[PDB]
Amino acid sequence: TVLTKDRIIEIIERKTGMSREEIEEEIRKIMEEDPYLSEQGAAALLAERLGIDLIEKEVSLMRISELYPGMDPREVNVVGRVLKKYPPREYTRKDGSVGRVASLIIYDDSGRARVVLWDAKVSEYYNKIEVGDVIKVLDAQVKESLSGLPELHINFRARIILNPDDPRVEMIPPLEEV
């Protein structure tokens, strides 16, 4: 990841509640264990051990209401709280094989979107996501759902960050308000 050591420490403080002094002591222990790590690399390893998923390169003000079918997946960068999780199901490929697909409904301060997890993304994320959790979606293909809602398609080329550190998260209404 290209995130600086200070940015990683800021994310760790927000996600763990540890003081800066406690976090620095954890980084020192990691560096004492591995002399090849830089301070940034040690901070990234600490984030990983804490179950914090860091994006390789970080920002966007984009809202769900701004998504449109066929937009460049490189422009897709939205956050949303999970409102609904539907059961995973099987689908048949043109080659005759069977894959997996699972759908969720997420929302931000602007609207809702269906999020479609494909194949390994179901095994990778489906049980990790809970209703009320916030996800950040990157590099997803956008399709028009039969409903009208934008559809974010999460395949092996897309990225999901569970409970991201992002300024848009605080503007998403809580579940009770929806």
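All residue numbers are counted from 1 along the displayed sequence.
Asker: Which fits the stretch between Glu58 and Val59: none, 1 to 3, 4 to 9, or 10 or more deposited residues lacking coordinates?
Answerer: Just 1 to 3 residues are missing between them.
Asker: Compare the mean C-alpha B-factor of 144-152 with that of 124-132 as given in the PDB entry, and name the stretch with the higher value.
Answerer: Result: 144-152.
Asker: Averaging the C-alpha B factors as listed in the entry, name the stretch that ends up higher: 111-119 or 49-57.
Answerer: It is 49-57.
Asker: If you compare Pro73, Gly99, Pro88, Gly80, which has the highest Cα B-factor in the entry?
Answerer: Of the candidates given, the C-alpha B-factor peaks at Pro73.
Asker: Considering only modelled residues of the same chain, in which third does the CA B-factor of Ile160 rank: lowest, middle or highest?
Answerer: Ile160: CA B-factor falls in the highest third of its chain.
Asker: By the record's CA B-factor, is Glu25 among the lowest, middle or highest third of residues in the chain?
Answerer: CA B-factor rank for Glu25: lowest third.
Asker: Split into thirds by Cα B-factor across the chain's modelled residues, where does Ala44 land: lowest, middle or highest?
Answerer: CA B-factor rank for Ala44: lowest third.
Asker: Sorting the chain's CA B-factors, does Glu170 end up in the lowest, middle or highest third?
Answerer: For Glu170, the deposited C-alpha B-factor lands in the highest third.
Asker: When the deposited Cα B-factors of this chain's modelled residues are ordered and cut into thirds, is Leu37 in the lowest, the middle or the highest one?
Answerer: Top third by C-alpha B-factor.
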